[PDB]
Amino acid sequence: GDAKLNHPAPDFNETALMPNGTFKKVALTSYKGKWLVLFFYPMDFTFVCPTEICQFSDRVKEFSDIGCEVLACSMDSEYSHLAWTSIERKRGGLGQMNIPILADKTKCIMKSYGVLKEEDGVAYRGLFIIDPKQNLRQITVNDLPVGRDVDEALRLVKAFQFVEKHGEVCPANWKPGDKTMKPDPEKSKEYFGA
């Protein structure tokens, strides 16, 4: 597919299950002006997937409080989504959700983000960070049996915000409050001494 860093994120406009239980088209352009964490998962009613989806749903506010939305997506229909929502978490369900979930029934969205597993018809665990101008800035794809880390997605969004705001550059392992540096041969000396 079609997703390249520092190019416009592949556009989409697709039916999604909204937090209030309704079906509505969600378009990438509706997130213009915001950061977006778009993430894919393979299949409704499975195993790693609800742990990830529920973690992002429970913690949406950590993202919304810094101007970042989150959006989930899989191959399943809206109706599968809705049904999965109607089962309690203790039975492997989702319960109530605070994030929308796209139903990529044609699989065109996952194809364009380059995360289709062709042999099975499902998405790999791709996560993408899209900025307010709608350009792609970070790509993460896990094989199916290993879940992603929500704290790391949050760290990345924060690091990217920081870079836009201050024109500085974020070192390895950067967390809010750590030292950063200007990407300049002379001014960077301040970072490297002590």
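A residue's number is simply how far along the shown sequence it sits, counting from 1.
Next on the checklist: Tell me which stretch, 90-98 or 73-81, has the higher mean Cα B-factor listed in the entry.
Outcome noted: Taking the mean B-factor of the alpha carbons in each, 90-98 is higher.
Next on the checklist: Comparing average C-alpha B factors as deposited, tell me which of 29-37 and 162-170 sits higher.
Outcome noted: The entry gives the higher C-alpha B-factor average to 162-170.
Checklist entry - With respect to C-alpha B-factor, does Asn135 fall in the lowest, middle or highest third of the chain as deposited? => result It falls in the bottom third of the chain.
Item to check | Ranked against its chain, the third holding the CA B-factor of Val150 | outcome: It falls in the top third of the chain.
Checklist entry - Ranked by Cα temperature factor within the chain, is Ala9 in the lowest third, the middle third or the highest third? => result Its C-alpha B-factor, which the entry lists for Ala9, ranks in the middle third among residues of this chain.
Item to check | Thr46 - which third its CA temperature factor falls in, relative to the rest of the chain | outcome: Its C-alpha B-factor belongs to the highest third of this chain's values.
Checklist entry - With respect to C-alpha B-factor, does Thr15 fall in the lowest, middle or highest third of the chain as deposited? => result Lowest third.
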